[PDB]
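The next block is coords36.txt, given as compact mmCIF, C-alpha atoms.
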# COMPACT_ATOMS: atom_id res chain seq x y z
CA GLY L 1 11.94 95.29 5.48
CA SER L 2 10.50 92.11 4.02
CA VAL L 3 10.52 93.35 0.41
CA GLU L 4 12.94 90.50 -0.43
CA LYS L 5 9.98 88.13 -0.14
CA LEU L 6 7.47 90.19 -2.12
CA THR L 7 9.85 90.86 -4.97
CA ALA L 8 10.58 87.11 -5.15
CA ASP L 9 7.08 86.52 -6.53
CA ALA L 10 7.36 89.47 -8.88
CA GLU L 11 10.67 88.20 -10.26
CA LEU L 12 9.27 84.70 -10.61
CA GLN L 13 6.41 86.25 -12.57
CA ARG L 14 8.96 87.76 -14.96
CA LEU L 15 10.02 84.24 -15.88
CA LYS L 16 6.39 83.58 -16.79
CA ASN L 17 6.62 86.58 -19.10
CA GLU L 18 9.87 85.52 -20.81
CA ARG L 19 8.73 81.98 -21.66
CA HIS L 20 10.27 79.50 -24.10
CA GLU L 21 7.16 78.83 -26.17
CA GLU L 22 7.79 81.71 -28.59
CA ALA L 23 11.43 80.67 -28.97
CA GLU L 24 10.44 77.08 -29.60
CA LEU L 25 7.68 77.94 -32.06
CA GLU L 26 10.13 80.27 -33.88
CA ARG L 27 12.05 77.18 -34.95
CA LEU L 28 8.97 75.41 -36.30
CA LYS L 29 7.73 78.69 -37.77
CA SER L 30 10.59 78.52 -40.25
CA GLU L 31 9.13 75.20 -41.52
CA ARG L 32 12.68 74.29 -42.58
CA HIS L 33 12.63 77.09 -45.15
CA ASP L 34 15.78 78.37 -43.45
CA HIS L 35 17.39 75.09 -44.50
CA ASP L 36 16.66 75.92 -48.14
CA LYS L 37 18.65 79.12 -47.67
CA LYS L 38 21.71 76.97 -47.04
CA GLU L 39 20.82 74.91 -50.10
CA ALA L 40 20.92 78.11 -52.14
CA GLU L 41 24.66 78.31 -51.43
CA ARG L 42 25.09 74.78 -52.69
CA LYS L 43 22.92 75.46 -55.74
CA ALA L 44 25.00 78.58 -56.42
CA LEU L 45 28.06 76.36 -56.69
CA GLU L 46 26.55 74.40 -59.58
CA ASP L 47 24.80 77.42 -61.09
CA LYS L 48 28.16 79.14 -61.58
CA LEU L 49 30.28 76.05 -62.34
CA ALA L 50 27.88 74.73 -64.99
CA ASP L 51 27.48 78.22 -66.47
CA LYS L 52 31.18 78.90 -66.92
CA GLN L 53 32.12 75.31 -68.00
CA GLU L 54 35.34 76.76 -69.53
CA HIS L 55 33.17 77.91 -72.46
CA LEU L 56 32.26 74.25 -73.28
CA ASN L 57 36.03 73.57 -73.20
CA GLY L 58 36.24 75.53 -76.46
CA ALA L 59 39.80 76.59 -75.61
CA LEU L 60 41.25 74.13 -78.17
CA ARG L 61 43.19 72.53 -75.32
CA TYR L 62 41.37 69.20 -75.44
CA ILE L 63 42.85 68.55 -78.89
CA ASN L 64 46.24 67.20 -79.98
CA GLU L 65 48.23 70.27 -78.74
CA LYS L 66 51.55 68.43 -78.63
CA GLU L 67 50.98 67.14 -82.17
CA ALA L 68 50.47 70.72 -83.34
CA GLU L 69 54.07 71.47 -82.40
CA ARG L 70 55.69 68.15 -83.16
CA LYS L 71 53.82 65.35 -85.02
CA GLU L 72 56.45 62.79 -84.00
CA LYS L 73 56.64 61.72 -87.64
CA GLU L 74 60.42 61.62 -87.26
CA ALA L 75 59.94 58.61 -85.02
CA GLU L 76 58.32 55.27 -85.89
CA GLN L 77 54.83 56.62 -85.07
For this file, produce the structure as structure tokens.
Amino acid sequence: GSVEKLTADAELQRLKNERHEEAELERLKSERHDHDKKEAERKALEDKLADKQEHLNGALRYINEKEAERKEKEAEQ
């Protein structure tokens, strides 16, 4: 038959139904709030790091550890 011609306008009409408008507006519809989601991962890096902070470094490691074993008084000092 000649259905190949008729269906060509019906298939072309499908493309008018698919559109790109909704897929383009979807991006703007986020209003860059989706970008903040990615910032939450960055914020989580500081939120955990600053929270732990090695217990304010209260491990007594920042002191004169070596001097606690040997004071080096045997030398000239």
Enclose region 10-27 of chain L, meaning all of its atoms listed in the file, in a box aligned along x, y and z, pad it by 3 Å on each side, and list the centre and edge lengths in Å to one decimal, as JSON.
{"center_x": 9.2, "center_y": 83.3, "center_z": -21.9, "size_x": 11.7, "size_y": 18.4, "size_z": 32.1}
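Between CA of residue 57 (chain L) and CA of residue 42 (chain L) there is a distance of 23.3 Å.
In this structure, CA of residue 30 (chain L) sits 21.7 Å away from CA of residue 44 (chain L).
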Calculate how many Å separate CA of residue 55 (chain L) from CA of residue 38 (chain L), rounding to one decimal.
27.9 Å
Atoms added to region 17-45 of chain L (N, CA and C atoms), reported as a PDB file, in the coordinates of the input:
ATOM      1  N   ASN L  17       6.769  85.619 -18.015  1.00  0.00           N
ATOM      2  CA  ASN L  17       6.620  86.580 -19.100  1.00  0.00           C
ATOM      3  C   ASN L  17       7.632  86.302 -20.216  1.00  0.00           C
ATOM      4  N   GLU L  18       8.812  85.814 -19.841  1.00  0.00           N
ATOM      5  CA  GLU L  18       9.870  85.520 -20.810  1.00  0.00           C
ATOM      6  C   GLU L  18       9.494  84.321 -21.663  1.00  0.00           C
ATOM      7  N   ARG L  19       9.196  83.207 -20.995  1.00  0.00           N
ATOM      8  CA  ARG L  19       8.730  81.980 -21.660  1.00  0.00           C
ATOM      9  C   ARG L  19       9.770  81.369 -22.598  1.00  0.00           C
ATOM     10  N   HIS L  20       9.433  80.209 -23.132  1.00  0.00           N
ATOM     11  CA  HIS L  20      10.270  79.500 -24.100  1.00  0.00           C
ATOM     12  C   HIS L  20       9.431  79.113 -25.309  1.00  0.00           C
ATOM     13  N   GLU L  21       8.117  79.195 -25.139  1.00  0.00           N
ATOM     14  CA  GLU L  21       7.160  78.830 -26.170  1.00  0.00           C
ATOM     15  C   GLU L  21       7.422  79.569 -27.484  1.00  0.00           C
ATOM     16  N   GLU L  22       7.584  80.881 -27.401  1.00  0.00           N
ATOM     17  CA  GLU L  22       7.790  81.710 -28.590  1.00  0.00           C
ATOM     18  C   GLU L  22       9.135  81.396 -29.250  1.00  0.00           C
ATOM     19  N   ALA L  23      10.109  80.985 -28.446  1.00  0.00           N
ATOM     20  CA  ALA L  23      11.430  80.670 -28.970  1.00  0.00           C
ATOM     21  C   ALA L  23      11.466  79.269 -29.549  1.00  0.00           C
ATOM     22  N   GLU L  24      10.531  78.444 -29.113  1.00  0.00           N
ATOM     23  CA  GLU L  24      10.440  77.080 -29.600  1.00  0.00           C
ATOM     24  C   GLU L  24       9.615  77.056 -30.882  1.00  0.00           C
ATOM     25  N   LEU L  25       8.549  77.846 -30.898  1.00  0.00           N
ATOM     26  CA  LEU L  25       7.680  77.940 -32.060  1.00  0.00           C
ATOM     27  C   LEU L  25       8.393  78.656 -33.206  1.00  0.00           C
ATOM     28  N   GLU L  26       9.355  79.520 -32.868  1.00  0.00           N
ATOM     29  CA  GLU L  26      10.130  80.270 -33.880  1.00  0.00           C
ATOM     30  C   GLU L  26      10.884  79.300 -34.788  1.00  0.00           C
ATOM     31  N   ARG L  27      11.321  78.194 -34.208  1.00  0.00           N
ATOM     32  CA  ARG L  27      12.050  77.180 -34.950  1.00  0.00           C
ATOM     33  C   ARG L  27      11.132  76.475 -35.934  1.00  0.00           C
ATOM     34  N   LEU L  28       9.952  76.101 -35.460  1.00  0.00           N
ATOM     35  CA  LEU L  28       8.970  75.410 -36.300  1.00  0.00           C
ATOM     36  C   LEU L  28       8.330  76.374 -37.291  1.00  0.00           C
ATOM     37  N   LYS L  29       8.326  77.648 -36.936  1.00  0.00           N
ATOM     38  CA  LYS L  29       7.730  78.690 -37.770  1.00  0.00           C
ATOM     39  C   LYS L  29       8.507  78.864 -39.069  1.00  0.00           C
ATOM     40  N   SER L  30       9.766  78.449 -39.057  1.00  0.00           N
ATOM     41  CA  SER L  30      10.590  78.520 -40.250  1.00  0.00           C
ATOM     42  C   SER L  30      10.164  77.433 -41.241  1.00  0.00           C
ATOM     43  N   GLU L  31       9.595  76.339 -40.705  1.00  0.00           N
ATOM     44  CA  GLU L  31       9.130  75.200 -41.520  1.00  0.00           C
ATOM     45  C   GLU L  31      10.249  74.638 -42.392  1.00  0.00           C
ATOM     46  N   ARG L  32      11.482  74.771 -41.897  1.00  0.00           N
ATOM     47  CA  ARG L  32      12.680  74.290 -42.580  1.00  0.00           C
ATOM     48  C   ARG L  32      12.993  75.079 -43.845  1.00  0.00           C
ATOM     49  N   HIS L  33      12.361  76.234 -44.001  1.00  0.00           N
ATOM     50  CA  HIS L  33      12.630  77.090 -45.150  1.00  0.00           C
ATOM     51  C   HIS L  33      14.010  77.727 -44.995  1.00  0.00           C
ATOM     52  N   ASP L  34      14.460  77.831 -43.749  1.00  0.00           N
ATOM     53  CA  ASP L  34      15.780  78.370 -43.450  1.00  0.00           C
ATOM     54  C   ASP L  34      16.865  77.388 -43.904  1.00  0.00           C
ATOM     55  N   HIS L  35      16.481  76.125 -44.035  1.00  0.00           N
ATOM     56  CA  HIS L  35      17.390  75.090 -44.500  1.00  0.00           C
ATOM     57  C   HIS L  35      17.619  75.247 -45.991  1.00  0.00           C
ATOM     58  N   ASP L  36      16.579  75.696 -46.690  1.00  0.00           N
ATOM     59  CA  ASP L  36      16.660  75.920 -48.140  1.00  0.00           C
ATOM     60  C   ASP L  36      17.625  77.050 -48.444  1.00  0.00           C
ATOM     61  N   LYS L  37      17.720  78.004 -47.522  1.00  0.00           N
ATOM     62  CA  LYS L  37      18.650  79.120 -47.670  1.00  0.00           C
ATOM     63  C   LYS L  37      20.066  78.592 -47.823  1.00  0.00           C
ATOM     64  N   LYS L  38      20.394  77.589 -47.020  1.00  0.00           N
ATOM     65  CA  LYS L  38      21.710  76.970 -47.040  1.00  0.00           C
ATOM     66  C   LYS L  38      21.890  76.147 -48.313  1.00  0.00           C
ATOM     67  N   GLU L  39      20.781  75.666 -48.860  1.00  0.00           N
ATOM     68  CA  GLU L  39      20.820  74.910 -50.100  1.00  0.00           C
ATOM     69  C   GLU L  39      21.078  75.844 -51.270  1.00  0.00           C
ATOM     70  N   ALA L  40      20.713  77.111 -51.099  1.00  0.00           N
ATOM     71  CA  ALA L  40      20.920  78.110 -52.140  1.00  0.00           C
ATOM     72  C   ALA L  40      22.408  78.360 -52.359  1.00  0.00           C
ATOM     73  N   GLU L  41      23.207  78.164 -51.307  1.00  0.00           N
ATOM     74  CA  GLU L  41      24.660  78.310 -51.430  1.00  0.00           C
ATOM     75  C   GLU L  41      25.234  77.141 -52.195  1.00  0.00           C
ATOM     76  N   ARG L  42      24.643  75.973 -52.001  1.00  0.00           N
ATOM     77  CA  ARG L  42      25.090  74.780 -52.690  1.00  0.00           C
ATOM     78  C   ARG L  42      24.685  74.867 -54.159  1.00  0.00           C
ATOM     79  N   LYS L  43      23.451  75.290 -54.385  1.00  0.00           N
ATOM     80  CA  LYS L  43      22.920  75.460 -55.740  1.00  0.00           C
ATOM     81  C   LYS L  43      23.732  76.507 -56.510  1.00  0.00           C
ATOM     82  N   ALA L  44      24.214  77.527 -55.804  1.00  0.00           N
ATOM     83  CA  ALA L  44      25.000  78.580 -56.420  1.00  0.00           C
ATOM     84  C   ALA L  44      26.347  78.054 -56.904  1.00  0.00           C
ATOM     85  N   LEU L  45      26.798  76.954 -56.306  1.00  0.00           N
ATOM     86  CA  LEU L  45      28.060  76.360 -56.690  1.00  0.00           C
ATOM     87  C   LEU L  45      27.938  75.659 -58.040  1.00  0.00           C
TER      88      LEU L  45
END
